[PDB]
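Chemist: Okay, handing you the structure first.
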Amino acid sequence: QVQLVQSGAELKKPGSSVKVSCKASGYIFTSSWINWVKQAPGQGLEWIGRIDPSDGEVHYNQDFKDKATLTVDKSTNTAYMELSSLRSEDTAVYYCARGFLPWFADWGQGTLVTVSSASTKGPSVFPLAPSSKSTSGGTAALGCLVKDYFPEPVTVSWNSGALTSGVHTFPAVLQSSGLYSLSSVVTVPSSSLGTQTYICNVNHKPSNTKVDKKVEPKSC
Amino acid sequence: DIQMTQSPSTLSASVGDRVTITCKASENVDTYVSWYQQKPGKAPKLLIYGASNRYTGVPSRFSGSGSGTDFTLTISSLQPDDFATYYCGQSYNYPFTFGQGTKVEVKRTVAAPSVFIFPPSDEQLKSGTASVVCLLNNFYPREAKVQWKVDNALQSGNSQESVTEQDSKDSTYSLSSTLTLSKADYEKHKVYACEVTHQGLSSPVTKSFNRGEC
């Protein structure tokens, strides 16, 4: 069957350029156009342009005329898209998609391009300690704040994977510093607070930073 | 050029419901309209092409109709695998364009959040910054408002929040909000409050602590 296989995620500084690839399998490459589509985070789909692998005939969305360059190497069944003069607004997942008839059946898996002037940094992990008294019963919340890292992602587990029920790990927010911050919490029986240990296991692979933070009562 | 306007933006529905999503083109597109399904982290998947044709493999519960400027996608009986975002798109003229999407999420009974507030750790305070966190746990629907107050002053512009995807077991949402102040500012005030407004709460819930302990 048909597969479109795109290149991996890119992290780029503003002003730079990037070239993203889309390798096609399972059909005659020169028999269909390759289309490119942008999906900025939390947003919809924007069509960039298309290219005919047979001869390189290319058509662009004019909003991308000074941004994107589409090429193809028919000899390796691959289409490329180059983005120039990268800025923050170019941060998106970019998809290629095979186009024969006026619809897009076969899509690549997407390539995330993130544009940022930030540099790699492992997180500080701070405790969200379960309160002295409060709630509306016999459940307490605790957690870890995973602060000031770059880039995404970060993983969090609790008790080495032994604790999953009640766990919520939130989407990171991007701070004005250029660094991310994320929280992970868990709700547990308040009677468990004195006897059961709770450790959040944080791994930020890009900075090679792993931390195990034991979280316990001690605010007041 | 041709704008595609989808409605509703969000649709709440139950397994077994008949669901209809609407898409309006700003110019005539004949029947060159397609519908796509997208789930988080995944590429869009084609459901319907040519306004009304089911793509190969697509279950029969999916259909579409319309011509000219008005189009619909219908799911005749909603299944657990169908909660996702749906996009329409026109391929009548270049540039091809798409609607802004309709998220179909799971309807359930309204549930108020449990709210928890967390002071900044001493460990963090040593670095010159304070992060105060407010958790709103397991609520429905998604719409919720956090108001941070510091010695009764409403704080604005110095917080960020995020929301989990709908829970696969109980269909609720959770939200985490962080208020960030300098250590110097943190130590100038006493009462830190997170005030939560939600349609499940008859009146706002406030959780607070006084800096210093108790």
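Identifiers for the structure tokens are assigned positionally: chains receive A, B, ... in sequence, residues are indexed from 1 per chain, and ligands are indexed from 1 in the order shown.
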Could you tell me which residues of chain A sit within 6 Å of chain B when counting only C-alpha atoms, and give me the result as a count of residues only?

Modeler: 10

Chemist: Using only C-alpha atoms, which residues sit within 10 Å of residue 52 (chain A) once same-chain residues fewer than 2 positions away are excluded, as a PyMOL selection string?

Modeler: chain A and resi 29-35+50+54-59+70-72+74+79+99

Chemist: The selected residues should be written to file as a PDB file, in the first residue's frame (atoms: C-alpha atoms).

Modeler:
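Output contents, as saved in result11.pdb:
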ATOM      1  CA  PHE A  29       5.567   8.609  -7.875  1.00  0.00           C
ATOM      2  CA  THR A  30       5.304  10.474 -11.171  1.00  0.00           C
ATOM      3  CA  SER A  31       1.569   9.679 -11.523  1.00  0.00           C
ATOM      4  CA  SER A  32       0.320  12.034  -8.758  1.00  0.00           C
ATOM      5  CA  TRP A  33       1.038  15.555  -7.496  1.00  0.00           C
ATOM      6  CA  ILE A  34       2.522  16.131  -4.012  1.00  0.00           C
ATOM      7  CA  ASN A  35       0.743  18.786  -1.999  1.00  0.00           C
ATOM      8  CA  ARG A  50       1.946  21.464  -5.169  1.00  0.00           C
ATOM      9  CA  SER A  54       7.144  14.169 -13.636  1.00  0.00           C
ATOM     10  CA  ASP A  55       8.644  17.502 -14.594  1.00  0.00           C
ATOM     11  CA  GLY A  56       8.738  19.749 -11.505  1.00  0.00           C
ATOM     12  CA  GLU A  57       5.787  21.908 -12.494  1.00  0.00           C
ATOM     13  CA  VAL A  58       5.018  23.796  -9.269  1.00  0.00           C
ATOM     14  CA  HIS A  59       2.151  26.014  -8.116  1.00  0.00           C
ATOM     15  CA  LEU A  70       8.997  22.846  -3.530  1.00  0.00           C
ATOM     16  CA  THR A  71      11.317  20.450  -5.384  1.00  0.00           C
ATOM     17  CA  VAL A  72      11.402  16.757  -6.255  1.00  0.00           C
ATOM     18  CA  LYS A  74      12.014  11.474  -9.016  1.00  0.00           C
ATOM     19  CA  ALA A  79       9.593  15.543  -2.641  1.00  0.00           C
ATOM     20  CA  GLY A  99      -3.061  14.422  -4.991  1.00  0.00           C
TER      21      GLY A  99
END

Chemist: So how far away is CA of residue 108 (chain A) from CA of residue 3 (chain A), in Å?

Modeler: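 That distance, rounded to one decimal, is 7.2 Å.
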
Chemist: Would you kindly return, as JSON, numbers by chain, each protein, DNA or RNA residue with an atom no farther than 10 Å from any atom of residue 172 (chain B), considering only C-alpha atoms and excluding same-chain residues fewer than 2 positions away?

Modeler: {"B": [106, 107, 108, 109, 110, 111, 112, 113, 137, 138, 139, 140, 141, 142, 164, 165, 166, 167, 168, 169, 170, 174]}

Chemist: Please run DSSP on the backbone and report, as a list in words, all residues within region 4-197 of chain A that come out as helix (DSSP H, G or I).

Modeler: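 Assigned to helix (DSSP H, G or I), within region 4-197 of chain A: residues 29, 30, 31, 62, 63, 64, 74, 75, 76, 88, 89, 90, 159, 160, 161, 190, 191, 192, 193 and 194 of chain A.
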
Chemist: Expressed in Å to a single decimal, how great is the separation between CA of residue 127 (chain A) and CA of residue 179 (chain B)?

Modeler: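 CA of residue 179 (chain B) lies at a distance of 15.4 Å from CA of residue 127 (chain A).
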
Chemist: So which bits of region 133-187 of chain B end up strand (DSSP E or B) when you DSSP the backbone, as a PyMOL selection string?

Modeler: chain B and resi 133-140+145-150+153-154+159-163+173-182

Chemist: Between CA of residue 92 (chain A) and CA of residue 46 (chain A), what is the distance in Å, rounded to a tenth?

Modeler: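 Separating CA of residue 92 (chain A) from CA of residue 46 (chain A) is a distance of 10.5 Å.
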
Chemist: Please provide as a PyMOL selection string all residues within 10 Å of residue 21 (chain A), with the sequence filter that same-chain residues fewer than 4 positions apart are discarded (counting only C-alpha atoms).

Modeler: chain A and resi 4-8+70-72+78-82+95-96+111

Chemist: Now that the selection is made, can you save its residues with C-alpha atoms as an mmCIF file, in the first residue's frame?

Modeler:
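Generated output (selection-v3.cif):
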data_model
loop_
_atom_site.group_PDB
_atom_site.id
_atom_site.type_symbol
_atom_site.label_atom_id
_atom_site.label_comp_id
_atom_site.auth_asym_id
_atom_site.auth_seq_id
_atom_site.Cartn_x
_atom_site.Cartn_y
_atom_site.Cartn_z
ATOM 1 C CA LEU A 4 4.290 8.889 2.520
ATOM 2 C CA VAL A 5 7.193 9.052 4.986
ATOM 3 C CA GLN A 6 8.413 12.456 6.083
ATOM 4 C CA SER A 7 11.662 13.547 7.726
ATOM 5 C CA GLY A 8 11.982 14.144 11.519
ATOM 6 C CA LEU A 70 8.997 22.846 -3.530
ATOM 7 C CA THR A 71 11.317 20.450 -5.384
ATOM 8 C CA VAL A 72 11.402 16.757 -6.255
ATOM 9 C CA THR A 78 11.067 12.086 -2.777
ATOM 10 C CA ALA A 79 9.593 15.543 -2.641
ATOM 11 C CA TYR A 80 11.137 18.360 -0.668
ATOM 12 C CA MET A 81 9.949 21.597 0.788
ATOM 13 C CA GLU A 82 12.413 24.355 1.812
ATOM 14 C CA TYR A 95 2.248 17.532 5.913
ATOM 15 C CA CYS A 96 2.728 16.243 2.390
ATOM 16 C CA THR A 111 7.059 17.102 10.252
#

Chemist: Residues at most 9 Å from residue 63 (chain B), counting only C-alpha atoms, excluding those fewer than 6 positions away in the same chain, as a list in words?

Modeler: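 The filter keeps residues 47, 48, 51, 52, 53, 54, 72, 73, 74, 75 and 76 of chain B.
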
Chemist: Find the residues around region 11-19 of chain A up to 6 Å (only C-alpha atoms counted), leave out those fewer than 4 positions away in its own chain, and share them as a PDB file with N, CA, C and O atoms, in the first residue's frame.

Modeler:
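File written: part.pdb
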ATOM      1  N   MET A  81      10.418  20.247   0.582  1.00  0.00           N
ATOM      2  CA  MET A  81       9.949  21.597   0.788  1.00  0.00           C
ATOM      3  C   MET A  81      10.966  22.371   1.633  1.00  0.00           C
ATOM      4  O   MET A  81      11.252  21.973   2.762  1.00  0.00           O
ATOM      5  N   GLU A  82      11.478  23.482   1.099  1.00  0.00           N
ATOM      6  CA  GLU A  82      12.413  24.355   1.812  1.00  0.00           C
ATOM      7  C   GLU A  82      11.671  25.600   2.295  1.00  0.00           C
ATOM      8  O   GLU A  82      10.958  26.228   1.518  1.00  0.00           O
ATOM      9  N   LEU A  83      11.797  25.929   3.583  1.00  0.00           N
ATOM     10  CA  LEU A  83      11.267  27.169   4.136  1.00  0.00           C
ATOM     11  C   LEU A  83      12.415  28.148   4.429  1.00  0.00           C
ATOM     12  O   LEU A  83      13.411  27.781   5.056  1.00  0.00           O
ATOM     13  N   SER A  84      12.305  29.394   3.982  1.00  0.00           N
ATOM     14  CA  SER A  84      13.415  30.329   4.152  1.00  0.00           C
ATOM     15  C   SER A  84      13.077  31.359   5.213  1.00  0.00           C
ATOM     16  O   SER A  84      11.900  31.524   5.595  1.00  0.00           O
ATOM     17  N   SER A  85      14.121  32.044   5.705  1.00  0.00           N
ATOM     18  CA  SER A  85      13.973  33.165   6.646  1.00  0.00           C
ATOM     19  C   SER A  85      12.981  32.856   7.745  1.00  0.00           C
ATOM     20  O   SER A  85      12.024  33.575   7.964  1.00  0.00           O
ATOM     21  N   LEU A  86      13.249  31.765   8.446  1.00  0.00           N
ATOM     22  CA  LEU A  86      12.324  31.242   9.431  1.00  0.00           C
ATOM     23  C   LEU A  86      12.020  32.240  10.527  1.00  0.00           C
ATOM     24  O   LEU A  86      12.892  32.933  11.031  1.00  0.00           O
ATOM     25  N   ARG A  87      10.751  32.308  10.873  1.00  0.00           N
ATOM     26  CA  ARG A  87      10.295  33.079  12.012  1.00  0.00           C
ATOM     27  C   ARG A  87       9.359  32.231  12.881  1.00  0.00           C
ATOM     28  O   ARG A  87       9.003  31.074  12.540  1.00  0.00           O
ATOM     29  N   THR A 114       9.950  23.687  14.642  1.00  0.00           N
ATOM     30  CA  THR A 114       9.847  24.677  15.686  1.00  0.00           C
ATOM     31  C   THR A 114      10.931  25.742  15.504  1.00  0.00           C
ATOM     32  O   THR A 114      12.110  25.438  15.357  1.00  0.00           O
ATOM     33  N   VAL A 115      10.512  26.992  15.539  1.00  0.00           N
ATOM     34  CA  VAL A 115      11.415  28.109  15.332  1.00  0.00           C
ATOM     35  C   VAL A 115      11.519  28.898  16.622  1.00  0.00           C
ATOM     36  O   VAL A 115      10.519  29.403  17.164  1.00  0.00           O
ATOM     37  N   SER A 116      12.739  28.984  17.135  1.00  0.00           N
ATOM     38  CA  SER A 116      12.968  29.632  18.418  1.00  0.00           C
ATOM     39  C   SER A 116      14.435  30.014  18.558  1.00  0.00           C
ATOM     40  O   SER A 116      15.312  29.299  18.081  1.00  0.00           O
ATOM     41  N   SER A 117      14.684  31.150  19.201  1.00  0.00           N
ATOM     42  CA  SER A 117      16.055  31.584  19.525  1.00  0.00           C
ATOM     43  C   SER A 117      16.548  30.987  20.840  1.00  0.00           C
ATOM     44  O   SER A 117      17.704  31.199  21.207  1.00  0.00           O
TER      45      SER A 117
END

Chemist: Need the shell around residue 184 (chain A): protein/DNA/RNA residues with any atom at most 10 Å away, counting only C-alpha atoms. Skip same-chain ones fewer than 6 positions apart. Format as a short mmCIF file (atom, residue, chain, number, x, y, z; two decimals) with N, CA and C atoms, in the first residue's frame?

Modeler:
data_model
loop_
_atom_site.label_atom_id
_atom_site.label_comp_id
_atom_site.auth_asym_id
_atom_site.auth_seq_id
_atom_site.Cartn_x
_atom_site.Cartn_y
_atom_site.Cartn_z
N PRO A 127 8.25 20.72 43.89
CA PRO A 127 7.11 19.97 44.40
C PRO A 127 5.86 20.84 44.46
N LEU A 128 4.72 20.23 44.18
CA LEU A 128 3.39 20.74 44.48
C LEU A 128 2.90 19.90 45.66
N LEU A 142 -1.44 16.25 44.82
CA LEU A 142 -0.04 16.61 44.82
C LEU A 142 0.50 16.58 43.40
N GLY A 143 1.74 17.00 43.23
CA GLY A 143 2.29 17.09 41.88
C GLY A 143 3.71 17.56 41.77
N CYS A 144 4.17 17.71 40.53
CA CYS A 144 5.46 18.31 40.26
C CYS A 144 5.34 19.40 39.22
N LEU A 145 6.07 20.48 39.44
CA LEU A 145 6.17 21.55 38.49
C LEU A 145 7.51 21.37 37.83
N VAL A 146 7.46 21.19 36.52
CA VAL A 146 8.62 21.01 35.64
C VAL A 146 8.85 22.29 34.86
N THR A 155 8.88 13.95 29.52
CA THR A 155 7.97 12.94 30.08
C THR A 155 7.93 12.91 31.62
N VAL A 156 6.76 12.61 32.16
CA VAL A 156 6.56 12.43 33.59
C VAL A 156 5.84 11.11 33.87
N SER A 157 6.37 10.33 34.81
CA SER A 157 5.64 9.21 35.35
C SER A 157 5.61 9.38 36.87
N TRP A 158 4.79 8.56 37.52
CA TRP A 158 4.70 8.55 38.97
C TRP A 158 5.00 7.14 39.46
N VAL A 167 -3.78 10.43 37.66
CA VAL A 167 -2.68 11.23 37.15
C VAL A 167 -3.18 12.13 36.03
N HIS A 168 -2.85 13.41 36.10
CA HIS A 168 -3.02 14.31 34.97
C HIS A 168 -1.71 15.05 34.74
N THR A 169 -1.15 14.87 33.55
CA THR A 169 0.01 15.60 33.10
C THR A 169 -0.43 16.58 32.03
N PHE A 170 -0.17 17.86 32.25
CA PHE A 170 -0.77 18.91 31.44
C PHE A 170 0.09 19.27 30.25
N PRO A 171 -0.53 19.82 29.21
CA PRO A 171 0.25 20.47 28.13
C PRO A 171 1.16 21.56 28.72
N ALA A 172 2.39 21.60 28.24
CA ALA A 172 3.32 22.66 28.60
C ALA A 172 2.81 24.01 28.08
N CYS A 200 7.75 11.73 41.38
CA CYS A 200 7.55 11.97 39.95
C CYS A 200 8.89 11.80 39.27
N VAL A 202 10.89 12.52 35.98
CA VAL A 202 10.93 13.45 34.89
C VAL A 202 12.15 13.12 34.00
N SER B 176 -4.76 23.36 34.74
CA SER B 176 -3.69 23.82 35.64
C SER B 176 -3.39 25.25 35.24
#
